[PDB]
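Read through the structure below, which is laid out as structure tokens, and then see the notes.
Proteins come first, then strands; the chains are lettered A, B, ... in the order of their sequence lines, and each starts at number 1. Just so it is clear, the values below take in all heavy atoms, side chains as well, and ignore hydrogens, waters and symmetry mates.
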Amino acid sequence: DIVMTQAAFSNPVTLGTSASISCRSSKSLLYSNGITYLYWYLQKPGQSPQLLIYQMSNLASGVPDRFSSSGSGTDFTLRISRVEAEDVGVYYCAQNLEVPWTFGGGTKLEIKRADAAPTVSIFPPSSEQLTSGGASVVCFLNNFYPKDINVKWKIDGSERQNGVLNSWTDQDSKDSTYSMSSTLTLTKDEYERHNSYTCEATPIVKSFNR
Amino acid sequence: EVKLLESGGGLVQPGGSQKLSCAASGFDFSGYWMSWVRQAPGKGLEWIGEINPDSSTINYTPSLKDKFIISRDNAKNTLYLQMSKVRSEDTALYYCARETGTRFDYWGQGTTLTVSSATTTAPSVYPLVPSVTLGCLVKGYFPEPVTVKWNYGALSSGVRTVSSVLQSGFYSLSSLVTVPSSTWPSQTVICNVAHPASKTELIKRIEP
């Protein structure tokens, strides 16, 4: 099988600036008919892949002329000029000079933008949950950049890591920020034993008293 | 117009067989090559194989030829993928695709197959109540995926849904929406949670 290599992440790319994602082939994709059997696909978060470019020089329908590709047989470059926020996603190179079709590992396009602090929101457990024997406290950090952020929980001013689950969104299609949620899950008893619940982003702090 | 609706996923125990279907519409399905490609969770793409219009030519990834059988019923406008002797490594989202690498390239939305000896478990769902930000918290489910929409999908701007987290054999996630303070609580906001594997469909009204 022909092996397609590409990096897992692009260098961070400022909006309005040109991105370049490279891909390398273990055998030449130029056939003796002069055509280079290279394809580019974009996969946007939560969506199936979409063809961008087929056989080097052809644009799929509805794809902007900002997307171009070039390369000498074994080594290629997807160029995206004037990068927009909606271009964010995973770019896959692929071939079918030879069966089977193979794809590259995918390259996540990283958009660079102004630093932004999160808008922070804290959610006490619903009354609904309490009968379950659990109580989940949720911290939501909305629309920040860059991705690396830290959330700390404090119950009655004391730091609690047990029962905490964190998860992020992908980079947003319209503003190029991230959001993330942190959930502190306790028992109904632990939650009712204590009063003050705090989360803090890293210094933005939101809190409530039960 | 052009559609590729997929089904036949869910959970299956190791060693088992499973048959996925891809129902086409909005084109002369009998005149196109069709393909199957899969994507394991958090990973890239693997082409499985393809099949010509009349079914006289069927190509496979060599290492998947024993396990996978691609067929089709043009009279039913349907594509099939039959898997047998399935293993944990076959857990993935399976896409069917029309005529890949050409002007006609189009991919279906995908169906998830999970190979596991564990038990499909329905989610519990809780509202996240205090521009204003609302959410719901979805916990305790297996397997993946769950989908979370707001007002059936009609409310899209401002929605932030984090990736799922696995812990102690079960998944959780949360979806939040930010909405003008003049709109809520004055107007209805609902989150729709589906867990296809357990055939779960539920709605939570977000209320003061």
Side-chain angles (χ1 to χ4, degrees), chain A residues 1-13 17-44 48-83 87-110, chain B residues 32-39 43-52 57-65 95 97-107:
Chain A
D1 306 26
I2 290 172
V3 185
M4 308 292 280
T5 299
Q6 45 182 161
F9 305 98
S10 84
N11 293 292
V13 176
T17 225
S18 30
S20 270
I21 290 153
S22 36
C23 180
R24 281 169 71 76
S25 187
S26 77
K27 276 135 162 40
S28 184
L29 305 185
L30 178 66
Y31 191 48
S32 54
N33 67 355
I35 299 176
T36 295
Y37 286 85
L38 178 76
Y39 308 79
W40 294 95
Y41 289 89
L42 197 219
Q43 188 173 39
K44 301 209 240 197
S48 71
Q50 70 184 264
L51 183 68
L52 291 170
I53 297 181
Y54 58 105
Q55 295 167 196
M56 192 79 85
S57 55
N58 298 296
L59 272 284
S61 82
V63 180
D65 54 346
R66 295 183 296 95
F67 297 87
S68 45
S69 178
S70 57
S72 276
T74 218
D75 190 7
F76 327 103
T77 299
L78 181 70
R79 222 186 76 104
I80 312 158
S81 51
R82 291 171 24 257
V83 168
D87 303 336
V88 73
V90 182
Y91 289 80
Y92 286 99
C93 64
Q95 67 80 42
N96 80 154
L97 191 83
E98 299 180 352
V99 172
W101 281 89
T102 49
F103 301 85
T107 306
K108 190 164 286 197
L109 178 59
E110 301 293 330
Chain B
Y32 294 104
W33 288 73
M34 298 301 289
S35 281
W36 287 99
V37 180
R38 66 187 192 174
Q39 180 162 43
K43 287 158 156 195
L45 299 166
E46 186 175 43
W47 186 76
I48 298 159
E50 68 187 347
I51 185 155
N52 88 319
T57 291
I58 310 182
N59 299 319
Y60 295 100
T61 290
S63 60
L64 272 38
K65 198 182 204 188
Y95 298 110
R98 189 230 264 172
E99 290 269 350
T100 49
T102 194
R103 61 187 268 205
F104 302 127
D105 200 314
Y106 177 86
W107 295 55

What is the ring orientation for B:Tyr32 with B:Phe104, classed by angle as parallel under 30°, tilted 30 to 60°, or perpendicular over 60°? perpendicular

Which of A:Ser69, A:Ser18, A:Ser20, A:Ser68 passes side-chain hydrogen bond (donor to acceptor under 3.5 Å, both in side chains) with A:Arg79? Answer is A:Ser18

Taking A:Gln95 for its side chain and A:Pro100 for its backbone only, find out whether a donor-acceptor pair lies under 3.5 Å. yes

Evaluation steps, side chain to side chain contact (heavy atoms under 4.5 Å, CB included), between A:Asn96 and A:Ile2: CA-CA 9 Å; A:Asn96 80 154; A:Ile2 290 172; over 6 Å; no

Can you tell me if B:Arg38 uses its side chain to pair, donor with acceptor, with the backbone of B:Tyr95 under 3.5 Å? no

Does some side-chain heavy atom of A:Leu52 sit less than 4.5 Å from a side-chain heavy atom of A:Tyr41? no

Determine whether a donor-acceptor pair (N or O, by modelled atom type, separation under 3.5 Å) exists between the side chain of B:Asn52 and the backbone of B:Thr57. yes

Flag for A:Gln6-A:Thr107: side-chain donor and acceptor within less than 3.5 Å: yes

Would you say the side-chain atoms of B:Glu99 pair up with the backbone N or O of B:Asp105, donor to acceptor, closer than 3.5 Å? no

Just checking, is any N or O donor in the side chain of A:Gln43 or B:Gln39 under 3.5 Å from an acceptor N or O on the other one? yes

Would you say A:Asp75's side chain and A:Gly71's backbone share a donor-acceptor pair under 3.5 angstrom? no

Does A:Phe67 form a ring-ring contact (aromatic ring centres under 6.0 Å, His included) with A:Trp40? I'd like the steps, not just the answer. CA-CA 10 Å; A:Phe67 297 87; A:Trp40 294 95; over 10 Å; no

